[PDB]
């Protein structure tokens, strides 16, 4: 097939910095380290204030992944859209780009949650700048109908 779109280093670096700032796990340094969905489950648990995730951590990666993709589908602004936001297939094939889309959407849902506002000042300015751009993209597009294409173009930079 034609070559896929790629994740820009600055976009991945900011998303990883955000993930690490949640302290739901030991540090991660590459987006592929999110593939096992463990951190993603912990992030959803943090959003809910519940422990449902703890039961799903016992399941295999494909089941963990379905759980996360289901959360993202359930919580989108138009649950009735035909294109799903995330390809479970591409995640199982090791797509950092698809894992970054997951992480970005969980950033969105975290910022809309009951948790206290993040201290954005904790990040290096380069990272603050990228996070600002990421959250502006969410503001400007998350409720659109070409979101999937738009998000991929954004993440490739």
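Numbering follows the first chain given and starts at 1.
Mean CA temperature factor is higher for 62-70 when stretches 24-32 and 62-70 are set side by side in the entry.
For the two regions 135-143 and 10-18, the entry's Cα B-factors average higher over 135-143. Taking the PDB entry at face value, the top CA B factor among 111, 128, 89, 103 belongs to 89.
Per the PDB record, 54 has a higher Cα B-factor than any other of 95, 38, 54, 116.
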